[PDB]
């Protein structure tokens, strides 16, 4: 609980950048319930799967399958419009006007936690909390604090595998896997 928060965050983000292809399983706990997903990430490309939904993004084109409709929608999201659900992306707030502090919690041996506090009272989330291991700089949990309501959103990283290699085709939707689906192309 000694080091500088920005330095720890930069080391954590850099190691993620250099990690190659990643497979990250996560759980989201909210007010209203809990759900899990899996993210496969390499460069700007991703695949994300949750119950009844799967999305592929190849760096330009996004395909999103919705099981309850047996429909795949095709689009070209702007960099802001993307929804990778990558918990490591929350580190980037330190460059968008969130002030930082670093401390340490333990009981299980200690981890760092980093507080991110919006300098702008209009921004939502108002605060973000990151729980990061001390030795290996691995993100275990991200908590999001909404400005205008009382309940925290918790994102837990359940498993994290690095150094994967995904073929380009992994990030491109394959209609043969979805024989009955309707394709709805918004491009």
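Numbering follows the first chain given and starts at 1.
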If the chain runs straight from residue 107 to residue 108, say none; otherwise bin the unmodelled deposited residues as 1 to 3, 4 to 9, or 10 or more. 1 to 3
Report the stretch with the higher mean CA temperature factor, choosing between 54 to 62 and 137 to 145 on the basis of the entry. 54 to 62
Mean C-alpha B-factor comparison - 92 to 100 and 74 to 82, higher one: 74 to 82
Once the chain's modelled residues are ordered by C-alpha B factor and cut into thirds, is residue 9 in the lowest, middle or highest one? middle
Residue 25 - which third its CA temperature factor falls in, relative to the rest of the chain: lowest
Chain-wide C-alpha B factor ranking for residue 127, given as lowest, middle or highest third: lowest
Could you tell me which third, lowest, middle or highest, the C-alpha B-factor of residue 49 occupies within its chain? lowest
By the recorded C-alpha temperature factor, relative to the other modelled residues in its chain, which third is residue 154 in? lowest
